[PDB]
């Protein structure tokens, strides 16, 4: 029971990877702050956390709004009595060739994926420094944060930027006893990849379905990633056994990118 007496906050917690993370951290002992954008789906996840025997707080928030993130996270931490782990999971993906990326498009993805991570690090680090907590910041990165991919230039740019922020924050926050690491998933099997494939097809002229299949064919381990696969590594990063790890952006990707 690694996380007994701990409090973890997770962004994008209502579904997908963030939900899996929230539930895994709750199973390992933590009370959970669930942040997302739709109250009704958040409330459902909150009940599943409470069913596992933990306390949950479920609040809508815009991770791209610096001051509101800070205040909302502080409200939730006050309600539960602390904060020990911050998982900056929420992000968005875009698909567009380098030549066709437009200004509003790229401003939008940076606002969510880069500023939103930054604002969450700041909100959590502020709270940690208040009680002298040896806190953990855990950011969502990607295989696309280690290598730039075609048609994913904007997304890759934001995940490289999250890696940068991970490193700079690890170095600056170490003297406050706060570690900062990222997790880098591969191909996580979702309806989302069906959407990516569709777009990719219309852009290129390949057959619908072909691109998603070809990507899966590339994974050394021969299967797609589950949200629980990602959650298992986030659980390690949340634990005492990661105390001495900081600044790292670790691939759990089935053998796609090798570092």
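Residue numbers count along the first chain shown, from 1.
As recorded in the PDB entry, 205 to 213 is the stretch of 219 to 227 and 205 to 213 with the greater mean C-alpha temperature factor. Higher average CA B factor: 81 to 89, of the stretches 163 to 171 and 81 to 89. Across 194, 234, 35, 26, the entry's maximum B-factor at the CA atom is seen for 194.
The PDB entry assigns the greatest CA B-factor among 8, 257, 1, 252 to 1. Among all modelled residues in this chain, the alpha-carbon of residue 75 has a temperature factor (C-alpha) in the middle third. Sort the chain's modelled residues by C-alpha temperature factor and residue 137 lands in the lowest third, per the entry.
Per the deposited record, the Cα B-factor of residue 144 falls in the lowest third when ranked against the other modelled residues of its chain. Ranked by C-alpha B-factor against the other modelled residues of its chain, residue 247 falls in the lowest third.
Among the modelled residues of the chain, residue 118 sits in the lowest third by CA temperature factor in this PDB entry.
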